[PDB]
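Heads up: the sequence lines are chains A, B and A', in that order. A prime marks a further copy of an entry chain. As numbered in the entry's author numbering, residues 18 to 108, 123 to 248, 257 to 420, 423 to 497 make up the first sequence, in order. As numbered in the entry's author numbering, residues 18 to 108, 123 to 249, 257 to 420, 425 to 497 make up the second sequence, in order. As numbered in the entry's author numbering, residues 18 to 108, 123 to 248, 257 to 420, 423 to 497 make up the third sequence, in order. A virtual CB, placed ideally from N, CA and C, is assigned to each residue, including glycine.
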Amino acid sequence: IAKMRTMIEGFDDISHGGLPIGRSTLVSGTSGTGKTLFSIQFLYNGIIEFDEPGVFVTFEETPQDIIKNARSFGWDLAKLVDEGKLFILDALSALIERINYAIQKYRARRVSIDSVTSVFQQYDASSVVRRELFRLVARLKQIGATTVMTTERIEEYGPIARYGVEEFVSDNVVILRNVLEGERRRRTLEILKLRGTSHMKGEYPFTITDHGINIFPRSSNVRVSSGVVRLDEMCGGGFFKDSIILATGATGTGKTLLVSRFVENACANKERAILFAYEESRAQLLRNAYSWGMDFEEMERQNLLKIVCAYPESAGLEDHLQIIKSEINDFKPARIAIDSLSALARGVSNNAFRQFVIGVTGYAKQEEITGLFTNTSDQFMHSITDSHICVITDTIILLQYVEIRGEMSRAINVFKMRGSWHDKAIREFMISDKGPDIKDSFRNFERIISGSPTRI
Amino acid sequence: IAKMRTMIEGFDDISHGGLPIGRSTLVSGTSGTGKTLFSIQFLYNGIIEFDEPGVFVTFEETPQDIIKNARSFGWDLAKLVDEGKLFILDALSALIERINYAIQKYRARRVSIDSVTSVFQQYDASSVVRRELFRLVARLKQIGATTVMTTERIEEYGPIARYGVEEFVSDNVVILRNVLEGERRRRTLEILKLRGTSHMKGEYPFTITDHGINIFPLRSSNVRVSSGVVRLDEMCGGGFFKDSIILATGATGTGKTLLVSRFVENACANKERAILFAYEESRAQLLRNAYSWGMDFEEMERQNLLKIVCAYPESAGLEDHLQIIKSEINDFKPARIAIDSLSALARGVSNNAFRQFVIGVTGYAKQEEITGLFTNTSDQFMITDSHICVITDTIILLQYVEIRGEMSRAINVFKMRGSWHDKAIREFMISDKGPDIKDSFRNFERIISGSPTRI
Amino acid sequence: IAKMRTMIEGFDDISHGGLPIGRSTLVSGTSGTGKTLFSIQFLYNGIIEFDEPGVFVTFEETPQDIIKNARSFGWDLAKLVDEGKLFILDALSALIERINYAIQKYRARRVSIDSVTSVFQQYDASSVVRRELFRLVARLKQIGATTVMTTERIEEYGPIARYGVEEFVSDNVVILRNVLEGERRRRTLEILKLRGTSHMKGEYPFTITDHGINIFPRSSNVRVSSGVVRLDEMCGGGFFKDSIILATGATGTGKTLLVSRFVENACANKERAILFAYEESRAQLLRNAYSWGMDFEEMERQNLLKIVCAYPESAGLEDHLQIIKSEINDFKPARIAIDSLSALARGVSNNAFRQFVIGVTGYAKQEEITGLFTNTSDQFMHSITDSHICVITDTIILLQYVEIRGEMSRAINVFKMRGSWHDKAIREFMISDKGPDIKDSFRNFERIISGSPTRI
Ligand SMILES: Nc1ncnc2c1ncn2[C@@H]1O[C@H](COP(=O)(O)OP(=O)(O)OP(=O)(O)O)[C@@H](O)[C@H]1O
Ligand SMILES: Nc1ncnc2c1ncn2[C@@H]1O[C@H](COP(=O)(O)OP(=O)(O)OP(=O)(O)O)[C@@H](O)[C@H]1O
Ligand SMILES: Nc1ncnc2c1ncn2[C@@H]1O[C@H](COP(=O)(O)OP(=O)(O)OP(=O)(O)O)[C@@H](O)[C@H]1O
Ligand SMILES: Nc1ncnc2c1ncn2[C@@H]1O[C@H](COP(=O)(O)OP(=O)(O)OP(=O)(O)O)[C@@H](O)[C@H]1O
Ligand SMILES: Nc1ncnc2c1ncn2[C@@H]1O[C@H](COP(=O)(O)OP(=O)(O)OP(=O)(O)O)[C@@H](O)[C@H]1O
Ligand SMILES: Nc1ncnc2c1ncn2[C@@H]1O[C@H](COP(=O)(O)OP(=O)(O)OP(=O)(O)O)[C@@H](O)[C@H]1O
Ligand SMILES: [Mg+2]
Ligand SMILES: [Mg+2]
Ligand SMILES: [Mg+2]
Ligand SMILES: [Mg+2]
Ligand SMILES: [Mg+2]
Ligand SMILES: [Mg+2]
């Protein structure tokens with residue numbers, strides 16, 4: 018069973034090439050799940066790469082309404098119909128005749144029906160839909176044309192179709208969802224089945240952007264500097280180039296300080312860098328940064344630093360990824376920084392957050408980009426990690442508060458360093474008007490990893 | 018009631034021999050559960066295993082599509098007509128006649144109907160369905176031919192059939208599921224009932240492969263093997279046991295992958311095949327860190343001795359991961375394997391679904407005399427273990443020890459099943475040639491806390 | 018209201034003698050709940066003990082199909098019909128006439144209808160079923176014949192009957208269930224009501240075995264040895280004969296060691312013993328046992344030791360009990376051992392597990408059998426007990442890991458000893474190639490029950 022590519026980033030790897038060739042694919046889902054976006058996108062791409070003639074059988078929508086909406090991603094469907102490359106059939124057993132006729136005058140390639148459920152309200156009685164659905168499918172499989180049929184749905188976790196008898200007739204079943212969890216919508220695609228072929232089971236986080244659908248399913260010894268000399272000395276030549284560094288610690292420990300010095304160092308060696316902040320804003324960052332003797336405003340004047348400030352609850356976790364991606368595909372920084380993940384995990388599913396970290400890490404390492412992700416710990420004085430995904434990070438620079446003689450002092454230590462030597466000493470440090478000052482470690486103190494020390 | 022082997026791996030143990038002789042079995046479930054697959058496999062295996070006639074009754078789609086769908090597993094229609102061993106009937124009491132025809136025509140034994148739910152569009156009443164259901168099975172039983180019926184379902188945890196009156200008429204009820212939990216689907220088969228016979232109660236994890244369905248049901259020599267480290271072998275009093283399961287738990291960056299790299303290296307060193315299942319790092323990374331310790335993993339794969347199967351834990355489901363391991367070991371056939379790690383496969387997974395995984399790998403690994411070293415990154419570094431350290435025969439736990447404001451690491455053989463081991467928590471270090479197990483801490487107390495005390 | 022015995026192990030004590038005499042009993046439940054198994058079992062037993070004439074009114078099942086299925090437990094229904102002791106009436124107001132006629136030619140005793148729901152699909156409309164059900168019941172109560180009526184069900188926790196009007200007509204209501212919790216089926220029986228009589232309320236764990244249905248609703260000073268001399272010295276003459284001993288402790292403490300020495304001691308005094316293992320297999324056990332100088336293979340050669348290895352998730356908790364019972368009813372060991380309960384409680388209901396422990400304990404003590412049950416603790420260094430059923434055990438031999446001068450040493454202490462003196466000292470012990478070596482206790486150490494000790 019040969020498959021037909023749809024040029025839809027994600028769907029090509031989820032269905033292993035695409036959808037069963039010469040067969041009909043049913044795409045069900047609720048309203049605003051992207052049933053039409055996918056439908057025309059299956060034709061557009063098809064009639065832009067392999068130069069294939071595709072006909073669109075519209076029903077409750079006007080042939081200009083479809084083209085007026087496709088202009089949201091800069092798609093000129095008029096120019097498609099101005100070269101006989103796309104035919105829109107405006108709309123009981125005579126409909127297949129016109130489709131069979133049009134497709135004959137437009138050499139059978141890609142066909143989309145939006146929607147079949149619409150022209151079935153006057154029939155109903157469940158058993159009737161199936162009887163008239165089977166005939167349609169069969170009538171298309173005889174002409175051997177990769178057809179996508181749209182179906183309506185009432186529930187996001189209930190009947191597959193309105194009359195629950197379309198999935199049993201259809202050979203291939205793709206379900207588009209828009210689940211709302213904690214007053215936040217999440218678009219997820221899934222391939223229920225695919226007769227005489229293989230596919231990726233379960234649902235994968237996707238979104239609709241200005242390019243349309245966006246479905247989301257080396258290791259050199261090159262070392263880079265973190266901005267701090269002693270830190271690179273503790274890491275035995277600084278952080279690795281293509282690696283993920285983690286800055287875990289309590290509130291006001293110096294995470295954003297290390298991020299600022301990590302981004303500065305990039306711009307210092309004429310290297311581009313992106314800073315994704317979710318806790319503070321450009322205004323505050325510039326002031327805080329300048330207070331340590333760093334010109335963040337100037338760093339952006341050289342087109343070497345970009346600041347993307349936004350709230351962690353502003354958009355969805357499946358969205359935030361796309362922003363980072365598009366932000367990296369444009370500016371093309373050598374290294375990025377996330378401040379912070381703690382803010383991107385608050386009121387989010389433990390699994391939904393795991394898919395995010397895996398995404399950034401993968402993409403960050405896939406493009407050989409150095410990413411310094413910070414994480415704020417709950418207990419300031423310390424268990425381990427909430428979702429404990431410290432196994433994804435190659436380096437772990439944790440900061441801990443140390444109470445010494447009624448003085449709230451801070452300490453830094455390189456907890457982990459994959460395929461690299463590091464200092465296993467909890468060196469004390471302080472903050473000044475020029476960044477960190479890592480001094481000597483606490484040799485005459487015991488139980489330093491348990492908030493409070495002990496005289497020796 | 019005579020059994021009938023279907024040659025479906027797992028099913029012949031779940032149904033105790035297979036399905037009842039000259040009885041009608043009902044296989045209900047949702048769409049994509051694998052109802053048609055089972056139906057074909059039942060006849061296919063039955064045809065090329067005991068030269069038995071098979072009659073497939075189609076209803077929804079045509080004989081060509083069904084024949085064109087089995088090509089995904091490598092099954093051809095050479096029995097369809099080129100051997101007259103596969104009779105397909107394209108599609123109330125007139126159907127039964129045609130059924131008895133091909134049956135007595137080719138001295139039939141096996142029969143599959145797919146689907147019967149599609150022949151009850153008009154009849155919107157359960158009364159009619161039951162009446163015309165019983166008559167079918169009753170007829171089929173009069174001919175005493177092992178027939179499999181297929182029905183459709185709306186919910187995975189609701190009515191048995193579409194009209195909920197088919198399981199009561201049917202003698203044997205099989206239910207195929209495709210439950211979706213946490214954006215992840217899991218195919219599970221269960222034998223609801225089986226009249227005048229015994230079977231296994233509850234649902235068993237299965238998958239669909241290119242050999243079709245793979246249902247998953249539910257020695258001890260003193261030969262020792264080297265762990266890669268000499269002191270470690272001395273700590274186990276002769277090295278690791280051959281046909282045994284070793285576990286390495288500890289905080290992130292304790293050196294689990296280090297002990298794995300040496301455990302796999304030692305294999306290839308003695309010209310022994312070993313498989314490495316990574317779910318945290320990738321080949322590129324592992325090769326770098328490995329070489330940094332003075333180990334050439336690339337070379338090890340150049341001699342067809344070491345294999346690396348990197349895959350994100352979240353990529354596939356727990357049931358698929360198992361099949362991937364089994365098939366991977368069925369091809370390469372290593373003398374020992376290593377999983378890095380179990381903790382990476384226990385993330386956003388049910389404790390019951392995870393238990394079934396560890397039991398499988400352990401069982402299968404222990405069933406083929408394969409030495410397995412599974413790692414498990416402990417959540418709270420510097425307590426217990428909310429899982430199963432009872433399954434593992436050996437436990438090599440690594441713990442971080444803070445001494446004089448220095449993040450030092452220690453190792454100890456926590457347990458060694460039916461063997462002597464060192465009961466001392468000796469400090470160790472990592473260099474550019476592997477571990478260096480030094481001496482323990484005699485003048486330090488509460489070393490299990492992660493923070494000792496000057497004695 | 019006199020009751021009629023059914024000779025069904027469990028149902029006789031649940032309904033206090035049996036079911037209301039001269040009245041009709043409705044048995045509802047889903048498919049494969051054992052509606053037919055019970056139905057014929059009510060006749061078989063009845064026409065095998067009190068020599069009573071019973072007629073079976075079958076519907077959607079053939080008179081040979083019922084007999085062909087009853088042969089799963091070795092029941093010759095043909096021989097029952099070959100002496101006019103059982104009559105099968107193969108199958123609107125004329126059905127009661129034949130039943131009234133047959134029962135007259137087969138002196139009214141035990142009657143079973145399987146099923147009434149079957150011959151009602153052509154009626155439906157809820158109110159119709161009741162009207163035609165009442166007439167049936169009344170027509171049977173007039174002939175005074177203990178009749179059991181089978182009813183179909185869709186839900187395990189929903190309507191009592193298909194039309195939910197059969198329980199209001201029927202005098203007695205028995206509901207058979209097959210609940211699925213965590214991909215595991217559990218058969219439970221219940222008596223909803225019983226007019227003019229008393230019964231046991233709630234549902235009781237049952238199973239179907241080769242004997243059919245299996246519903247599951257002294258104290259001498261005789262002392263026995265545990266295999267260890269010092270252990271018997273710490274128990275002041277060894278464990279009590281008819282008592283339950285518990286071996287709680289962390290992983291690799293020496294639980295299976297004490298079990299092996301406890302089973303060996305039985306075979307040593309020419310006493311039979313059963314070992315129920317769920318963590319290891321015969322292969323490993325024999326090797327581990329032989330490493331301590333115990334010949335487990337030989338112990339089975341004398342027909343004094345039996346090993347029943349099986350996984351704790353292989354079968355159901357309500358099943359595992361039956362296995363132990365049948366295993367003890369055959370071999371008839373003087374003492375048994377369970378290794379372990381921790382494995383039999385993983386992914387099980389806290390209450391469902393409580394009913395198991397009570398079962399083994401009761402049966403173990405009911406047959407005056409000594410049972411050494413082991414339990415693995417979670418924290419290796423220790424709170425108390427998960428489901429804390431240490432109140433069921435008469436003796437508690439807990440083992441605890443003790444870290445001494447960077448050496449992971451082990452310790453044993455007799456925590457409890459009901460109606461017996463015991464040693465209240467945490468004696469240290471080690472393992473060798475001949476079993477345990479209990480030495481002196483830790484006198485110069487403090488906080489030994491909190492993992493880590495303290496110099497004194
Ligand atoms: N240019 C755009 N940029 C971002 N999101 C867009 C853009 N255009 C549309 N969308 C999003 O995608 C949706 C359009 O999806 P589409 O029209 O295919 O829905 P549908 O599922 O076919 O709806 P219906 O059930 O009414 O037919 C919009 O509602 C909006 O959420
Ligand atoms: N080669 C293959 N590799 C992997 N999975 C496959 C392969 N071939 C088929 N499958 C899987 O098995 C499914 C086929 O099952 P099958 O065609 O029997 O469905 P079904 O349950 O009979 O559906 P229906 O409700 O339409 O009768 C596909 O949807 C896919 O999930
Ligand atoms: N100009 C300055 N001089 C001295 N110390 C400073 C100065 N500016 C900031 N600090 C110190 O360093 C800390 C700043 O660290 P930073 O702002 O990076 O916090 P953080 O660890 O990222 O915390 P969070 O993100 O939770 O607010 C302040 O709490 C203060 O102790
Ligand atoms: N010999 C046996 N050993 C063990 N279990 C058996 C044996 N025979 C039958 N069983 C079990 O008991 C069931 C038989 O129960 P029975 O036929 O009474 O069901 P039922 O509830 O009457 O079904 P229906 O609703 O279809 O009439 C089988 O499905 C199986 O689970
Ligand atoms: N070349 C090297 N030289 C010195 N020490 C090294 C070297 N490579 C690794 N290490 C040490 O070993 C640690 C990594 O060991 P390893 O990756 O096996 O640990 P792990 O517990 O499996 O980690 P993770 O939780 O990330 O899987 C580093 O943190 C460092 O302390
Ligand atoms: N031949 C031997 N010589 C010395 N010590 C041994 C020998 N065999 C086993 N041991 C020791 O005794 C322990 C065995 O105890 P046992 O196997 O009964 O463990 P357990 O407490 O039942 O643990 P679990 O059931 O959780 O695996 C081993 O961990 C080891 O310390
Ligand atoms: Mg639309
Ligand atoms: Mg900050
Ligand atoms: Mg099918
Ligand atoms: Mg690792
Ligand atoms: Mg029955
Ligand atoms: Mg044990």
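{"query": "With burial defined as no fewer than 16 other Cβ atoms inside 10 Å of the residue's Cβ, what is the status of residue 292/B: buried or exposed?", "result": "buried"}
{"query": "With ligand 8 as the reference, list in chain order each residue whose Cβ lies under 7 Å from any of its heavy atoms.", "result": "294/A, 295/A, 318/A, 319/A, 378/A, 379/A, 413/A"}
{"query": "Consider the Cβ of residue 456/A: report whether some Cβ of chain B lies at a distance smaller than 9 Å.", "result": "yes"}
{"query": "Is it the case that the Cβ atoms of residue 440/B and residue 451/B are separated by a distance below 9 Å?", "result": "yes"}
{"query": "Taking the alpha-carbon positions, what's the residue 210/B to residue 219/B distance?", "result": "8 Å"}
{"query": "Output the distance between the C-alpha atoms of residue 236/B and residue 205/B, rounded to the nearest integer angstrom.", "result": "14 Å"}
{"query": "Taking buried to mean at least 16 other C-beta atoms within 10 Å of its own C-beta, is residue 420/B buried or exposed?", "result": "buried"}
{"query": "Rounded C-beta distance between residue 191/A and residue 225/A? I'm assuming under 8 Å.", "result": "That belief does not hold up - the Cβ atoms of residue 191/A and residue 225/A are roughly 14 Å apart, past 8 Å."}
{"query": "For residue 475/B, which three-state DSSP category applies?", "result": "coil"}
{"query": "Compare the C-beta of residue 202/B against all C-beta atoms of chain A' and say whether one is closer than 9 Å.", "result": "yes"}
{"query": "Would a check of beta-carbon distances place residue 420/B closer than 9 Å to chain A?", "result": "yes"}
{"query": "Per DSSP, residue 221/A is paired with what?", "result": "206/A, 234/A"}
{"query": "Taking the C-alpha atoms as reference points, what is the distance between residue 437/A' and residue 280/A'?", "result": "15 Å"}
{"query": "If you measure from each CB to the nearest heavy atom of ligand 9 and keep those under 6 Å, what residues do you get, in chain order?", "result": "52/B, 53/B, 145/B"}
{"query": "Run through DSSP, which three-state label would residue 284/A' get?", "result": "strand"}
{"query": "Let's test the definition: count the other Cβ atoms within 10 Å of the Cβ of residue 142/A and tell me whether it reaches 16, buried, or not, exposed.", "result": "buried"}
{"query": "Which word fits residue 394/B, buried or exposed, when buried means at least 16 other C-beta atoms lie within 10 angstroms of its C-beta?", "result": "buried"}
{"query": "Helix, strand or coil for residue 338/A'? Go by DSSP, reduced to three states.", "result": "helix"}
{"query": "Across which residues does DSSP place residue 496/A' in a beta bridge pair?", "result": "486/A'"}
{"query": "On the three-pair Cβ rule with 8 Å, is the segment 334-353 of chain A' touching the segment 409-420 of chain A'?", "result": "no"}
{"query": "Quick check: what's the CA-CA separation for residue 55/A versus residue 244/A?", "result": "7 Å"}
{"query": "So is residue 422/A' in contact with chain B if we call contact Cβ pairs under 9 Å?", "result": "This structure gives no coordinates for residue 422/A'. The numbering of chain A' moves from 420 immediately to 423."}
{"query": "Within 8 Å: the Cβ of residue 100/B and any heavy atom of ligand 7?", "result": "no"}
{"query": "What are the start and end residues of each continuous alpha helix (DSSP H) run of 4 or more residues lying completely inside the segment 326-393 of chain B, in chain order?", "result": "335-340, 356-370"}
{"query": "In three-state terms, what does DSSP make of residue 90/A?", "result": "coil"}
{"query": "Quick one: what's residue 44/A bridged to in DSSP?", "result": "181/A, 205/A"}
{"query": "Would you list the residues sitting across from residue 470/B in a DSSP beta bridge?", "result": "451/B"}
{"query": "On the three-state DSSP scale, how would you describe residue 438/B?", "result": "strand"}
{"query": "For residue 80/A, name the three-state secondary structure that DSSP assigns.", "result": "helix"}
{"query": "Whole angstroms is fine: what's the gap from residue 98/B's alpha carbon to residue 377/A''s?", "result": "59 Å"}
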